[PDB]
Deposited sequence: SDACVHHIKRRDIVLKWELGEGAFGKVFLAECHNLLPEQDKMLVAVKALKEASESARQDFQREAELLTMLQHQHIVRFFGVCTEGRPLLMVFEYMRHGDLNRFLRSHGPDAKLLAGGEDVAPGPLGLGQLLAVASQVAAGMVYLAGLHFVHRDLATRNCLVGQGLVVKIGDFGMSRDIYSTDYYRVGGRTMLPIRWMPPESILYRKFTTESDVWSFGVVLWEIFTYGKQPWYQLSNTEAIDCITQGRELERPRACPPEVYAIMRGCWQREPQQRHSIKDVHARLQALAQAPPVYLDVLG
């Protein structure tokens, strides 16, 4: 126990209703009195994996990492208190604001999401990955499904959380047990099965691809085995229609076969941030 986790009395937590069910956890919408709304995670049992995660969740504090408030161990089931993100995960957000579904909102225009919005969303995910790469933390399952959207179009990296139970189609089940998001995985992670920070920047290019594709699954064209091949033979994803050539260069910069030939996430974020606050007339031409 290197760091210490804050604790929240069970009297403070008042469960309203469920937000989703997982194979190992349950997310309820609840209130805390430290009065705001929070998202609590109930363990379905793993107690060692509870404290270990909380210790790691506490150390990770940033503007684009899901805000961890603490735990509650004064009565089973054990709880993990997260902040509430209004628009759910990024993948379900992107899809519901694409040209495919089916009328404005409070945080977003009628849609589809314009270039300025997509660049804004992309920069926030990139900014959060620089922090993780700065701590040399390796997020081995980077995708739009594992990013949350809050009130005000703020994007934070959230889940894992039963993403292998919700989006089971995004994972290849290796052997009898264990799933791999091979469509988001780099060649060295498929072949030699090695994961690094440079293996994450590959995943971000795939994440950056999802954004300008409005939530579609990468290599939706293919099956799991065919997707493995195309990545193995070094076949790249084609530039999505909503993506300008200026941004597709950033994707390919994340898709170099040699992991060290790939650009740093600090450099990728630098390009994405600059394009975000860029004046209208500069983006209209893009």
property: Parts of the chain sequence, as deposited, that carry no C-alpha coordinates in this structure; result: 35-40, 52-55, 113-114, 299
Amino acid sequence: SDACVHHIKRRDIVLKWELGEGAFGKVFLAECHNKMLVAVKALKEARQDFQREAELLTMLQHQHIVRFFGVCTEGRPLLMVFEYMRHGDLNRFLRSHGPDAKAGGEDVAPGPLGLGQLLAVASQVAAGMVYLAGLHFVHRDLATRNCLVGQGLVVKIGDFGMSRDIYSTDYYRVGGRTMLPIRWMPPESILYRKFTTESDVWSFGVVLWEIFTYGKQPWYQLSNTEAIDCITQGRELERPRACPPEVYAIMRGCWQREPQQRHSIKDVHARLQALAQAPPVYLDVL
From here on, numbers count along this sequence of modelled residues.
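For the two forms, the rigid core is made up of the largest set of C-alpha atoms that agree within 1.5 Å on superposition.
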{"item": "Greater Cα displacement in 9 other deposited structures of this protein once the core is superposed, comparing 14-22 with 268-276", "value": "14-22"}
{"item": "Of 205-213 and 75-83, which departs more from this form in 9 other deposited structures of this protein by CA RMS after core fitting", "value": "75-83"}
{"item": "Absent coordinates for residue 163 in a third or more of other compared entries", "value": "yes"}
{"item": "Residue 112 not built in a third or more of the other entries", "value": "no"}
{"item": "Residue range whose averaged C-alpha B-factor is higher in the record, 80-88 or 132-140", "value": "132-140"}
{"item": "Given 166-174 and 119-127, the range whose Cα B-factors average higher in the PDB entry", "value": "166-174"}
{"item": "Out of 260, 63, 217, 224, highest CA B-factor residue", "value": "260"}
{"item": "Highest recorded Cα temperature factor - choice among 67, 33, 235, 239", "value": "33"}
{"item": "Chain third (lowest, middle, highest) by recorded CA B-factor, residue given as residue 269", "value": "middle"}
{"item": "Record-listed C-alpha B factor of residue 15: chain third", "value": "lowest"}
{"item": "CA B-factor ranking of residue 183, expressed as a third of its chain", "value": "lowest"}
{"item": "Cα B factor band for residue 145 (lowest, middle or highest third within the chain)", "value": "lowest"}
{"item": "B-factor third for the C-alpha atom of residue 193 within its chain", "value": "middle"}
